[PDB]
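Input: a single structure, listed below in structure tokens.
Hydrogens, waters and symmetry mates are skipped; everything else that's a heavy atom, side chains included, is used. Order of the sequence lines sets the chain letters (A, B, ...), proteins ahead of strands, with each chain counted from 1.
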Amino acid sequence: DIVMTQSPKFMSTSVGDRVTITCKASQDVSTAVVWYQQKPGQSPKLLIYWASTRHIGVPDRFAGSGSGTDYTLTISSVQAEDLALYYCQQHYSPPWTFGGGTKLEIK
Amino acid sequence: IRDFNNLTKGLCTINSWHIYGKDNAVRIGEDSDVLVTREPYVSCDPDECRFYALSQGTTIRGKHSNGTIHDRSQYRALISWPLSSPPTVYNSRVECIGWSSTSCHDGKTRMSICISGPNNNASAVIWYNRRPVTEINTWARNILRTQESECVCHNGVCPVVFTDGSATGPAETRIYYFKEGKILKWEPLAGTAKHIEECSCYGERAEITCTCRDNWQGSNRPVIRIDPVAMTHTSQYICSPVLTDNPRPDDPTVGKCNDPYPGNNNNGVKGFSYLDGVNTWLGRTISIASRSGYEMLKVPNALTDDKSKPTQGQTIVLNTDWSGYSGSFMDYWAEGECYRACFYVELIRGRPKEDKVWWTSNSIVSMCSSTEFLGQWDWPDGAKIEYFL
Amino acid sequence: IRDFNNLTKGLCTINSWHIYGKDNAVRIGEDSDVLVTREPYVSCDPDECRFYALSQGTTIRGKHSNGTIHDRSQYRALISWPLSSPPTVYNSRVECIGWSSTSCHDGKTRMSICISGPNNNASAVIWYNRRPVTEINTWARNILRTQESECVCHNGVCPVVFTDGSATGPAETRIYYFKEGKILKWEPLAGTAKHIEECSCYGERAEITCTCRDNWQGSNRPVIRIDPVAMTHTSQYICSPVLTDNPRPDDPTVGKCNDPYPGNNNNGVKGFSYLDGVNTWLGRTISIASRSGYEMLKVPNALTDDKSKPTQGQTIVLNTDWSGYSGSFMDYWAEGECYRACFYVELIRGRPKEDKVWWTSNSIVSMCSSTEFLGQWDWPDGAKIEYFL
Amino acid sequence: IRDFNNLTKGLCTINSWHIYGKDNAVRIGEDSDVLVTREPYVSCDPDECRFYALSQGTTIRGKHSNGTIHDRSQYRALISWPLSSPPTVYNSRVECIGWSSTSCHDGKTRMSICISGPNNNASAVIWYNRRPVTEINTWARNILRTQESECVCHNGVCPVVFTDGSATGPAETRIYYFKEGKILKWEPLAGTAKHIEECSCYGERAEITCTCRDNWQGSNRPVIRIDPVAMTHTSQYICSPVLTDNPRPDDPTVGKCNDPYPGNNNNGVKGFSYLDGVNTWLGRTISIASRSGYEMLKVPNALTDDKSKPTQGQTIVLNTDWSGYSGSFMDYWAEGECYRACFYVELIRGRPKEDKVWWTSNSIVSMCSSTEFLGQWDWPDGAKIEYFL
Ligand SMILES: *[C@@H]1O[C@H](CO)[C@@H](O[C@@H]2O[C@H](CO)[C@@H](O[C@@H]3O[C@H](CO)[C@@H](O)[C@H](O[C@H]4O[C@H](CO)[C@@H](O)[C@H](O)[C@@H]4O[C@H]4O[C@H](CO)[C@@H](O)[C@H](O)[C@@H]4O[C@H]4O[C@H](CO)[C@@H](O)[C@H](O)[C@@H]4O)[C@@H]3O)[C@H](O)[C@H]2NC(C)=O)[C@H](O)[C@H]1NC(C)=O
Ligand SMILES: *[C@@H]1O[C@H](CO)[C@@H](O[C@@H]2O[C@H](CO)[C@@H](O[C@@H]3O[C@H](CO)[C@@H](O)[C@H](O[C@H]4O[C@H](CO)[C@@H](O)[C@H](O)[C@@H]4O[C@H]4O[C@H](CO)[C@@H](O)[C@H](O)[C@@H]4O[C@H]4O[C@H](CO)[C@@H](O)[C@H](O)[C@@H]4O)[C@@H]3O)[C@H](O)[C@H]2NC(C)=O)[C@H](O)[C@H]1NC(C)=O
Ligand SMILES: *[C@@H]1O[C@H](CO)[C@@H](O[C@@H]2O[C@H](CO)[C@@H](O[C@@H]3O[C@H](CO)[C@@H](O)[C@H](O[C@H]4O[C@H](CO)[C@@H](O)[C@H](O)[C@@H]4O[C@H]4O[C@H](CO)[C@@H](O)[C@H](O)[C@@H]4O[C@H]4O[C@H](CO)[C@@H](O)[C@H](O)[C@@H]4O)[C@@H]3O)[C@H](O)[C@H]2NC(C)=O)[C@H](O)[C@H]1NC(C)=O
Ligand SMILES: *[C@@H]1O[C@H](CO)[C@@H](O[C@@H]2O[C@H](CO)[C@@H](O)[C@H](O)[C@H]2NC(C)=O)[C@H](O)[C@H]1NC(C)=O
Ligand SMILES: *[C@@H]1O[C@H](CO)[C@@H](O[C@@H]2O[C@H](CO)[C@@H](O)[C@H](O)[C@H]2NC(C)=O)[C@H](O)[C@H]1NC(C)=O
Ligand SMILES: *[C@@H]1O[C@H](CO)[C@@H](O[C@@H]2O[C@H](CO)[C@@H](O)[C@H](O)[C@H]2NC(C)=O)[C@H](O)[C@H]1NC(C)=O
Ligand SMILES: *[C@@H]1O[C@H](CO)[C@@H](O)[C@H](O)[C@H]1NC(C)=O
Ligand SMILES: *[C@@H]1O[C@H](CO)[C@@H](O)[C@H](O)[C@H]1NC(C)=O
Ligand SMILES: *[C@@H]1O[C@H](CO)[C@@H](O)[C@H](O)[C@H]1NC(C)=O
Ligand SMILES: [Ca+2]
Ligand SMILES: [Ca+2]
Ligand SMILES: [Ca+2]
């Protein structure tokens with residue numbers, strides 16, 4: 001099963017600033033990494049897939065990157081409302097495994 | 001025929017699609033001596049049409065099918081067999097040895113080119129009338145590649161597009177003009193395209209159209225139009241917002257004619273199109289992220305108008321079913337007023353998505369074009385990955 | 001053609017080698033009804049080229065493949081099948097029954113000779129246009145043997161070299177000249193050679209060259225050049241220090257033209273060479289002790305100059321991979337200025353070295369010559385002796 | 001040819017025998033989709049020679065091979081396939097449906113007759129150019145039977161010998177003369193013979209010779225000589241003391257020309273002979289009680305002189321090996337001064353003698369005649385009844 005690992009699990013950035021959330025698969029997963037966002041007490045929203053393709057209508061301030069086993073989501077100009085849990089998923093071969101979710105505190 | 005072929009006709013009115021060929025190769029290969037293939041295609045002789053495809057040198061069931069997800073090796077070989085029969089050990093003809101091919105027939109006999117080699121020191125050998133005539137050693141030294149479907153010839157001359165270089169960035173793509181196996185000339189890729197892979201080509205009214213693959217930045221497909229007579233070409237993109245490569249960004253309102261459309265870098269899937277003014281039809285997978293489903297869309301003027309959204313469509317493979325590579329072909333010797341347009345859809349079964357098994361084979365589906373409006377059906381590969389366990 | 005063939009051309013400039021044919025027979029035979037063969041070769045008709053080889057009368061997988069290390073029996077038979085397809089039960093044509101063969105086509109139709117018998121009372125029968133015409137009973141009564149690869153014909157006349165006698169010492173080698181199945185004459189081996197086995201032969205400019213095997217004392221190979229027109233021949237050795245037989249003593253600084261080069265008595269392996277002045281290329285296994293690896297070396301003037309060391313080379317089978325028998329062949333009917341030189345390399349898998357299994361089959365690799373400098377790749381049989389357990 | 005055949009030659013000097021064809025069918029059928037057959041034979045077209053044999057409708061290995069010792073059923077069918085390839089599911093041509101056959105080619109195309117039916121109500125249908133032309137319903141109502149090997153045609157006319165009646169006593173044997181499928185006439189058996197089964201026939205110098213089987217009382221074989229031109233025949237026995245049927249009484253000093261030779265009633269085995277004056281050769285199993293071994297004997301004038309003992313011989317199948325049915329055939333279209341005489345030997349493996357298995361198949365061995373004295377070898381079917389367990 002490919003294990004996706006996220007560390008740390010809590011992150012704090014200021015408003016208007018930037019955060020980078022690292023995710024890490026345990027084998028080369030060929031950029032087949034999806035990032036979901038789960039706004040406090042709501043569903044996940046698919047933010048990006050294939051490491052950097054933004055889904056329909058997430059604002060270009062959410063940028064992802066990666067190769068191999070190391071991927072990262074960057075948020076720039078952090079809105080007070082980006083406070084949520086961010087989750088990486090793997091989308092290469094079954095089963096679709098997730099990462100622990102990183103909580104983003106606003107400072 | 002006993003005479004070169006000239007593309008004297010134009011395409012017929014494409015109003016719907018009728019199934020032309022079905023393989024069922026993986027379903028029958030669970031209990032028959034079937035070959036593991038991929039990169040399939042279809043080409044016609046004056047005489048007959050056949051399924052072509054790159055063998056992996058093993059049967060689905062044999063223990064050496066394990067690890068056939070790897071694209072190139074010395075066990076691969078361009079093979080060929082009857083329309084709609086599976087690619088069986090006992091009925092496949094080996095056309096040449098290599099891991100990239102293209103094959104076409106010029107009216108008199110056929111040209112097959114198989115590329116082989118280590119990635120840094122590969123060579124192309126051009127077979128003509130089943131004997132090696134010309135060979136072309138690498139030029140940029142990192143994986144020399146070519147068409148993956150039939151080429152098109154006008155009066156002896158067959159343009160074949162080759163890329164050598166990186167699939168992540170600028171690569172050396174050259175258009176070669178052969179006639180009867182010998183190289184008549186070659187020029188380098190010219191035009192607004194930014195990267196070229198696996199060009200699907202068809203030919204009408206003395207001109208050759210190739211929808212290729214932009215692997216570096218493209219999600220819209222780049223198009224090469226080659227004058228076979230004057231031995232020149234140009235390259236632009238498909239303007240239409242109806243993006244057809246895969247994976248892709250979601251389709252926009254307005255698109256990009258002279259540049260790659262942004263969103264999914266370092267990826268694609270070989271694909272095709274029929275560009276004929278109002279009678280333009282495009283095909284993409286149904287999924288934006290994966291090779292599942294395959295559908296055809298009539299998008300009048302998609303080459304040139306950059307807000308062309310589809311007016312008629314047709315579901316070929318269901319989105320809950322797998323697809324893969326597609327490419328154009330026509331039976332240039334069939335009787336009539338015009339060219340019946342046709343294509344094929346590789347159906348990839350196996351690793352990586354269905355990794356319960358260790359092989360990757362594929363099945364093939366073919367359809368040609370009807371002037372009628374025939375009703376539609378979906379066409380699944382059909383095997384159950386659970387009976388191979 | 002519908003006319004005898006005359007070797008009117010000379011060899012083309014041999015600058016590198018391009019793969020012509022690949023079998024993958026053992027890999028596919030782990031799950032297909034494939035025949036156990038050995039002593040393979042390739043011959044061309046006007047029409048097509050085919051893989052020929054001595055069947056053992058069983059499939060790799062069938063329980064009667066056990067003990068196919070034995071060379072001769074009444075279950076062996078010269079069989080033939082499509083270029084690069086495996087030698088399948090359902091696509092092999094039996095050419096004749098025996099345990100030593102040679103086969104060639106004279107422009108009009110083909111000659112196949114299969115030798116059969118107990119070692120002390122064997123007979124050759126010469127098939128012409130698929131019917132037995134002539135037969136030749138033994139002359140020295142201890143294993144009558146012949147070529148093991150295609151013969152060459154000029155204007156109806158085909159010299160075929162036969163040895164009858166001991167492989168450990170003086171044996172009765174005679175050159176027979178057939179025309180259309182009937183014996184036109186035969187002479188005994190004349191020249192400085194000391195023992196003759198398994199001559200690989202090719203033909204250019206009305207003359208026939210045969211690199212054979214010295215089983216008694218030779219580690220350098222003996223060469224017979226036959227005038228097909230005058231029906232005479234001569235035999236000398238390959239002067240070059242680049243020893244090509246196997247097992248061999250390590251190569252010297254200066255070698256021996258008119259005598260066997262000392263060091264490994266009562267052994268060899270069938271082998272070939274292209275002797276053309278500067279354009280001479282030789283091939284030997286890479287290992288001096290065993291049949292592992294196979295490589296090609298350009299050694300200008302190796303026939304005549306006795307200090308010729310190689311100037312260019314090409315690795316064909318890797319030294320960590322098995323090889324076996326090699327032999328020359330050309331497509332004499334292919335179009336052009338000259339003869340494209342080609343050869344084959346038997347790939348012996350099985351007993352005795354890989355005795356975890358009880359069969360001995362082999363695979364085949366073929367390459368022809370390019371004027372280009374194409375880059376190189378190694379070409380492994382490819383099967384894992386562990387999936388047959 | 002595109003013209004009827006006339007037997008214009010005489011037999012060639014028969015001095016020894018050279019192997020012409022080997023099947024290895026049972027050995028390969030232990031791991032290939034091979035058919036269970038029996039009653040094999042060989043016939044030649046102008047074009048090619050082929051192995052013919054009565055299929056049982058199953059593969060050796062398939063579970064429906066069980067109980068194929070029974071001779072007749074509705075699953076039997078005359079099938080045909082390439083010289084020396086096994087009778088594979090994928091390469092057999094069904095010639096017609098039945099449990100007794102005969103097949104010959106008249107120069108223009110071929111006649112095949114398959115007999116079918118329950119024993120008391122059977123019918124013959126005569127196929128010509130692969131379409132049923134004539135049919136002949138039974139006449140004595142207890143198992144209508146025929147040749148079991150190729151027939152011989154002169155100028156369109158092919159005599160075919162049929163027996164209908166009891167194999168234990170007087171039966172209605174009639175000689176039918178067909179031309180192109182239609183019956184030209186038929187007469188009843190006339191002469192000193194006492195019972196006729198399974199006539200092996202060959203043809204020379206405008207006359208047809210048939211060595212048959214006396215099932216009622218004969219241990220010497222009865223001979224029918226048919227004038228194809230005048231449409232008459234006669235029947236006598238082989239005078240020679242060298243008894244050739246099987247089982248047989250031990251051979252006497254003096255024999256019986258115009259009567260059956262006493263000793264083994266209600267039995268035989270189909271068999272053949274080449275009757276040509278000094279150049280007469282006969283063949284019998286080596287065992288007097290069983291179908292083991294098969295040998296050829298030159299017995300000058302064996303037809304006519306009743307003390308002819310053999311002067312030269314040749315061991316074909318070893319007495320520690322199984323044999324079965326034999327029959328004559330020649331390639332009437334082969335080039336030359338004369339007819340190369342040939343025969344075949346069915347090799348019955350299975351039940352009843354080797355009842356560890358429940359099938360009965362057989363293998364085939366063929367030999368033709370050499371003017372030379374070629375040395376001899378024995379030719380075993382070759383399979384081990386123990387690998388099928
Ligand atoms: C008997 O058979 C006949 C003949 O087949 C049947 O009639 C045919 O039936 C078809 C289905 O009804 C019909 O096709 C449709 O035609 C319309 C035009 O009128 C066309 O727009 C449709 O295509 C869109 O919708 C399909 C799904 O239905 C999508 O898969 C397709 O991609 C098109 O939508 C996507 O792309 C468009 C262009 O950019 C966007 O506008 C749209 O937003 C959408 O985009 C999203 O998804 C994309 C990928 O899925 C993604 O990339 C993108 O980013 C967005 O997120 C469809 O083709 C035929 O025209 C019709 N033909 C005839 C002659 O009638 C008949 O029903 C059958 N009868 C019975 C009884 O069953
Ligand atoms: C892309 O492909 C091209 C084309 O293939 C590549 O270039 C080619 O690459 C080849 C390897 O670099 C090169 O071949 C070599 O050519 C030299 C001449 O310059 C030749 O001497 C070499 O052959 C000797 O060495 C090889 C191993 O490298 C041995 O296997 C061979 O037997 C030769 O050595 C043995 O025999 C010699 C003659 O007697 C002795 O002098 C020597 O001592 C040695 O003998 C010992 O070993 C013997 C058995 O192994 C034993 O019997 C004996 O007793 C001794 O103990 C070699 O062939 C091509 O010329 C070159 N061609 C071109 C056009 O460039 C290119 O690199 C590729 N590019 C990339 C990026 O990979
Ligand atoms: C290389 O190959 C050549 C060519 O093949 C070899 O030479 C050939 O070798 C043969 C064996 O030496 C030889 O055949 C023999 O020829 C004699 C005539 O000279 C012939 O009589 C022999 O046949 C009898 O003996 C064999 C066994 O050897 C029996 O199987 C056969 O049936 C014959 O005997 C039986 O029938 C006879 C006729 O009625 C009776 O006289 C005799 O009593 C016996 O009858 C009993 O057994 C019968 C059944 O087995 C039974 O029914 C009966 O009731 C009795 O009980 C034999 O064919 C070739 O002539 C010879 N050819 C040439 C050109 O040389 C050469 O040796 C090989 N070289 C090497 C180095 O191996
Ligand atoms: C061939 O397939 C087998 C299973 O069919 C593969 O098995 C795995 O091999 C790796 C080592 O490379 C082990 O870590 C796994 O635990 C193996 N699993 C099993 C079920 O044995 C094998 O990798 C494949 N490839 C080769 C080259 O043998
Ligand atoms: C056929 O193969 C088997 C195994 O597949 C061989 O088996 C050996 O036979 C010898 C006797 O000849 C015994 O001493 C060994 O112990 C056997 N080993 C096994 C695993 O059974 C056999 O020799 C081969 N040949 C024949 C002719 O059967
Ligand atoms: C088919 O073969 C089987 C075994 O392969 C035969 O089995 C015997 O059948 C008889 C009844 O007809 C029993 O008395 C025996 O004890 C059976 N033996 C076994 C091992 O089962 C069977 O007769 C054959 N024929 C048919 C028609 O099934
Ligand atoms: C093919 O086309 C060329 C140029 O259009 C023409 O001159 C030639 O005669 C044509 N030949 C055939 C067979 O159509
Ligand atoms: C073949 O060669 C002979 C002698 O060189 C010559 O006389 C003959 O006419 C030639 N025939 C052909 C078909 O080349
Ligand atoms: C065949 O034989 C008949 C009678 O002997 C003869 O009249 C006829 O012309 C011959 N035909 C052929 C093709 O030999
Ligand atoms: Ca792309
Ligand atoms: Ca030696
Ligand atoms: Ca009897």
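- Neither the backbone nor the side chain of B:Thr138 comes within contact range of chain C; no heavy atoms are under 4.5 Å apart.
- The candidate with the highest count of non-hydrogen atom pairs below 4.5 Å against chain B, out of C:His18, C:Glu48, C:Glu372, is C:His18.
- Here the side chains of B:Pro132 and C:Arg340 are in contact, with some heavy-atom distance below 4.5 Å.
- Considering every non-hydrogen atom in both C:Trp377 and B:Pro118, the closest pair reads CD1-CG, 3.3 Å.
- With a 4.5 angstrom heavy-atom cutoff, C:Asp23 does not touch chain B via any of its atoms.
- Residue C:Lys353 qualifies as open at atom NZ: its count of foreign heavy atoms under 6.0 Å is 12 or below.
- Residue with the most contacts toward chain C among B:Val125, B:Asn129, B:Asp33: B:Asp33 (heavy-atom pairs, distance under 4.5 Å).
- Here the straight-line distance linking atom OG of B:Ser116 with atom CH2 of C:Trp379 works out to 3.0 Å at 0.5 Å rounding.
- Atom OG1 of B:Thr59 and atom CG of C:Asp31 lie 3.5 Å apart (nearest 0.5 Å).
- In C:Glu337, the CD atom is not crowded: 12 or fewer heavy atoms of neighbouring residues, nucleotides or ligands sit closer than 6.0 Å.
- Between B:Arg130 and C:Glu335 there is no salt bridge, since no side-chain nitrogen of the basic residue lies less than 4.0 Å from a carboxylate oxygen of the acidic one.
- In terms of heavy-atom proximity, C:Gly375 sits nearest to B:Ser123 at N-OG, 3.8 Å.
- Note: C:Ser16 OG to B:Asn137 CG = 7.5 Å, rounded to the nearest 0.5 Å.
- The shortest non-hydrogen separation linking C:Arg27 to B:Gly57 is NH2-O, 2.9 Å.
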Passes side chain to side chain contact (heavy atoms under 4.5 Å, CB included), C:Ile28 versus B:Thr58? Steps please.
CA-CA 5 Å; C:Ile28 306 161; B:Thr58 177; 5.6 Å; no

Stepwise salt bridge (charged side-chain N to carboxylate O under 4.0 Å, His left out) check, C:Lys22 with B:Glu95
CA-CA 11 Å; C:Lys22 218 179 179 301; B:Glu95 300 281 351; over 6 Å; no

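- Heavy-atom distances place no part of B:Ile79 under 4.5 Å from chain C, backbone and side chain included.
- Considering every non-hydrogen atom in both C:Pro380 and B:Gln74, the closest pair reads CD-CG, 3.6 Å.
- Taking CG of B:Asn66 as the reference point, atom NZ of C:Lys384 lies at 10.5 Å (rounded to 0.5 Å).
- Residue contact with chain C, scored on non-hydrogen atoms closer than 4.5 Å, involves the backbone and the side chain of B:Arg61 alike.
- A distance of 13.5 Å separates OH of C:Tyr90 from CG of B:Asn91, quoted to the nearest 0.5 Å.
- Here the shortest heavy-atom pairing between C:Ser85 and B:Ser92 reads OG-O, 3.7 Å.
- Contact annotation for C:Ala25: neither backbone nor side-chain heavy atoms come within less than 4.5 Å of a heavy atom of chain B.
- When ring centroids are compared, B:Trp127 and C:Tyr20 come within the 6.0 Å threshold.
- Note: C:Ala383 leads C:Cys368, C:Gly21, C:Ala383, C:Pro86 in heavy-atom pairs under 4.5 Å with chain B.
- Both the backbone and the side chain of C:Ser32 have a heavy atom closer than 4.5 Å to some heavy atom of chain B.
- Considering only heavy-atom pairs separated by less than 4.5 Å from chain C, the leading option among B:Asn121, B:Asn120, B:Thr134 is B:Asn121.
- Note that CD of C:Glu30 and NZ of B:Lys63 are 4.5 Å apart. Values are rounded to the nearest 0.5 Å.
- Between chain C and the options B:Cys96, B:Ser73, B:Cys114, B:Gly181, heavy-atom pairs under 4.5 Å are most frequent for B:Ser73.
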